[PDB]
Amino acid sequence: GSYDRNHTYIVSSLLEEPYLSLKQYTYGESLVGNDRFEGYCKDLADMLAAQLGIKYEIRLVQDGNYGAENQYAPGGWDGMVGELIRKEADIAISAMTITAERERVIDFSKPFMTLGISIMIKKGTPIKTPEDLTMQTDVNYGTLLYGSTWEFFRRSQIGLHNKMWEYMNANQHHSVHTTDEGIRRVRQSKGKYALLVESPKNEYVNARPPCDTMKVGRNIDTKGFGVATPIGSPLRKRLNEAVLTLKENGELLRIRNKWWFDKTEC
Ligand SMILES: N[C@@H](CCC(=O)O)C(=O)O
């Protein structure tokens, strides 16, 4: 009640199914504003905005990136993280992984979803574990360049993870600028490409046509997605409270089931 509720809050996000996607285009009708978008993060944004009694406007991140330390970016970070640092958006509501490095420059709510790094293969690929990848030659692998999975391997103290880091850093052509290009490479590489991909995306893709991909191995780590705000935001406490409210009242579970379980065609 002690923050501006006439302001339309700018919500940075990033198209990445099923978190956020464009509603299917139809004949003779043009969607505008937030109506263009659907998905888990759209439903989350709607519910958070309702909890806070605020208006909001989704504005997609202007470089298509989640956020990485970048010696060229103003404020030191690109992507949604940089938009928050530079006060170009008020909130980011996306599949933004909570990392120690990002917490030093922006604030996160408690997590609204838990996840881990996982492996996606085309069915038939003779890979069952991360260790397997490092013991063979024919299957190349990679991840989203410079995101949280990339940084996990760069920074990990586990020898296996450092071995995977050294390979990927020396073979950046086998990593990708969008996770969807990684998934296309899995599908189109005849069993010779594996993708390191966060488990909710992996699980979503594997459960839908063409049913040609699968997850192998245990998740490599455990972490969360959070709602992100620029430091000092007047909304920080209320947004965290709202996430906790939606977690306790079953609403986060409802929209997770909506976008993952209700959409299982395989
Ligand atoms: N969710 C990740 C991007 C995907 C990935 O790095 O695997 C991030 O916030 O950086």
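Residues numbered from 1 in each chain as written, not as in the entry; some residues may be left out. Heavy atoms only, no water.

This entry lists X-ray crystallography as its structure determination method and reports a resolution of 1.680 Å.

Visitor: For the overall build of the chain, give the residues involved together with the corresponding values.
Guide: Summing up its helical and strand segments, the chain has 10 helices and 13 strands in all. Taken over C-alpha atoms, the radius of gyration comes to 19 Å for the chain, in line with the 18 Å a tight globule of 266 residues would show. With respect to the three principal axes, the spread of C-alpha positions in the chain is 60 × 45 × 35 Å. Contacts in the chain between residues far apart in sequence, at least 24 positions, make up 69% of those at least 6 positions apart. Summed over all atoms, the accessible surface of the chain reaches about 13400 Å², with 49% contributed by carbon and sulfur. Each charge sign in the chain was given a centre, from 35 positive and 34 negative side chains, and these centres are 2 Å apart. (Helix = DSSP H or I, 4+ residues; strand = E, 2+ residues; numbered from the N terminus. Rg over C-alpha atoms; globule rule 2.2 N^0.38 Å. Contact = heavy atoms within 4.5 Å. Areas by Shrake-Rupley, 256 points an atom, 1.4 Å probe, with all protein chains shown as cover. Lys, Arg positive; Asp, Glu negative; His and termini not counted. Charge placed at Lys NZ, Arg CZ, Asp CG, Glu CD.)

Visitor: Go over the packing of aromatic side chains, please, and point to the residues and values.
Guide: Under the defined criterion, the tally for this structure stands at nine aromatic pairs. Pairing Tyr 19 with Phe 225 gives two aromatic rings, centres 5.5 Å apart and planes at 90°, and the pair type is edge-to-face. With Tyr 19 in the loop between β1 (8-13) and β2 (21-22) and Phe 225 in strand β12 (residues 223-225), the pair connects residues that are 206 residues apart, well separated along the chain. Look at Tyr 19 and you get buried, because its relative accessible area is 4%. In this structure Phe 225 comes out as buried when scored by relative accessible area, which is 0%. Look at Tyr 146 and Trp 150: their rings are 5.7 Å apart centre to centre, the planes differ by 80°, and that puts the pair in the edge-to-face class. (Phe/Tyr/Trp six-rings, centres within 6.5 Å; stacked < 30°, edge-to-face > 60°. Buried < 20%, exposed > 50% of the residue type's maximum accessible area, 1.4 Å probe, protein only.)

Visitor: Explain the domain arrangement of the chain to me, using residue names and the numbers behind them.
Guide: Once the domains are mapped, the chain shows domain 1 (7-115 + 224-263) and domain 2 (116-223). Computed from C-alpha coordinates alone, the two centres of domain 1 and domain 2 are separated by 25 Å. Contact residues are listed per partner, giving 21 residues for domain 1 and 19 residues for domain 2. Taken together, the two surfaces of domain 1 and domain 2 that pack against each other cover about 1600 Å², and 50% of this comes from carbon and sulfur. (Domains from an automatic or database assignment. Buried area = accessible area lost by both parts, 1.4 Å probe.)

Visitor: Which residues make up the state of the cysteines, and what values do they have?
Guide: All told, the structure shown has one disulfide when counted by the stated rule. One disulfide in the model links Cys 211 with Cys 266; its S-S distance is 2.0 Å. Here the disulfide of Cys 211 and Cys 266 is left-handed, its torsion about the S-S bond being about -105°. Of this pair, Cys 211 sits in the loop between α8 (199-206) and β11 (213-216) while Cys 266 sits in the segment after α10 (251-259), and the two are 55 residues apart along the sequence. In this structure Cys 211 comes out as partly exposed when scored by relative accessible area, which is 27%. (Disulfide = S-S within 2.5 Å.)

Visitor: I'd like a description of the pairing of strand β10 (residues 193-198), backed by residues and values.
Guide: Most of β10 is tucked away: six of the six residues are buried. Looking at chain direction, strand β8 (residues 117-122) and β10 are connected through five bridges and run antiparallel. Residue pairing for β10: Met 120 is matched across the bridge by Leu 195. In this structure, strand β9 (residues 140-142) lies alongside β10, joined through three bridges in parallel fashion. Considered in β10, the bridge of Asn 140 is made with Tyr 193. (Pairing = 2+ DSSP bridges.)

Visitor: Run through the site of the ligand, naming residues and quoting values.
Guide: Neighbouring the ligand are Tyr 66, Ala 95, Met 96, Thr 97, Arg 102, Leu 144, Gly 147, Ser 148, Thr 149, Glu 198 and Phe 225. Taking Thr 97, its side chain carries an N or O atom lying 2.9 Å from a nitrogen atom of the ligand. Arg 102 is positioned such that a nitrogen or oxygen atom in its side chain is 2.8 Å from an oxygen atom of the ligand. For the ligand, the accessible surface in isolation is 290 Å², of which the surrounding protein chains cover 96%. Broken down by class, the residue content of the shell around the ligand amounts to five nonpolar, four polar and two charged. (Near = heavy atom within 4 Å. Polar contact = N/O pair within 3.5 Å; in protein donor to acceptor, adjacent residues only side chain to side chain. Nonpolar A, V, L, I, M, F, W, Y, C, P; charged D, E, K, R; others polar.)

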